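Next up: a single chain in structure tokens, the form deposited in one PDB entry.
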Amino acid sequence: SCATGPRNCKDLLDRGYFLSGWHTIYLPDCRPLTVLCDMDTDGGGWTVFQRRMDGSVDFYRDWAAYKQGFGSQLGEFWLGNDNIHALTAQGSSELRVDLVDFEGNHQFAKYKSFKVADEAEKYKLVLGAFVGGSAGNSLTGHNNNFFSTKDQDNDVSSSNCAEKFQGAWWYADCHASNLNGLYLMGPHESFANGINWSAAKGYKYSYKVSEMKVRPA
């Protein structure tokens, strides 16, 4: 129950769950949620809120879809903005982004803190210092931006970034990263509308794998 249950994947790691997989955690208001724990990468204890791997799931979705979450525990998913807010509300959480290209290269980026606000604040990103990683830094430029989807434009562009770049993100005008973009399978001719992390592979290369995950700082 909520009284003794784990709050996140680090609690689960501490209790001896050493394999990655789906486990029940209890959010701050006691709402139970099934989450994916990455117990392997970089010490383990990471709660995964976004996964792309094969293009099986459509990510070009509306506000309601991103709010509640969508996809599959067996594959690709977005955990949901209400869930991500709740998970990052208590304490301080570090963010790790893991990427794999189509050539087999693994790259990563790490940030010292990560929070998303509530729906009233349009799931605004509150991002701490870049730590490092082979992927470089394509998220700091998104700090303090609201989340936007195709049907709800909260970006700082005269354009509709989510529609123009075919994703959903804390778009500014418009992006350095676009991990909820189209699954375009490596090099693409269209500009900046793929699973792009521009500090590493630029605006015309879409990654094979994306994983976004959090753990107590």
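For clarity, a rigid core is taken as the largest C-alpha set superposing within 1.5 Å between two forms. Quick note: we count residues from 1 along the sequence shown, nothing fancier. Only residues modelled in both forms are compared.
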{"query": "198-206 versus 19-27 - greater average Cα B-factor per the deposited record", "finding": "198-206"}
{"query": "Of 181-189 and 45-53, the stretch whose C-alpha atoms average the higher B-factor in the entry", "finding": "181-189"}
{"query": "Most elevated Cα B-factor in the entry, residues 84, 99, 131, 74", "finding": "131"}
{"query": "Position of residue 163 among the chain's modelled residues by C-alpha B-factor, lowest, middle or highest third", "finding": "middle"}
{"query": "Position of residue 173 among the chain's modelled residues by C-alpha B-factor, lowest, middle or highest third", "finding": "middle"}
{"query": "Third of the chain, ranked by Cα B-factor, where residue 109 sits", "finding": "middle"}
{"query": "CA B-factor ranking of residue 38, expressed as a third of its chain", "finding": "lowest"}
{"query": "Residue 79, C-alpha B-factor rank within chain (lowest, middle or highest third)", "finding": "lowest"}
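The form deposited in another entry is left out here; the points below concern that form.
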property	result
Residue among 176, 65, 33, 53 whose Cα moves 2 Å or more between this form and the one not shown, once the rigid core is superposed	176
Per-residue C-alpha change between this form and the one not shown, residue 204, threshold 2 Å, rigid core fit	yes
Direction of C-alpha distance change in the other form, residue 62 to residue 203 (at least 3 Å)	farther
Cα distance between residue 177 and residue 111, which in the other form differs by 3 Å or more from this form, closer or farther	farther
Superposed on the rigid core, segments between this form and the one not shown of at least 3 residues with Cα shifts of 2 Å or more	175-177, 192-194, 199-206
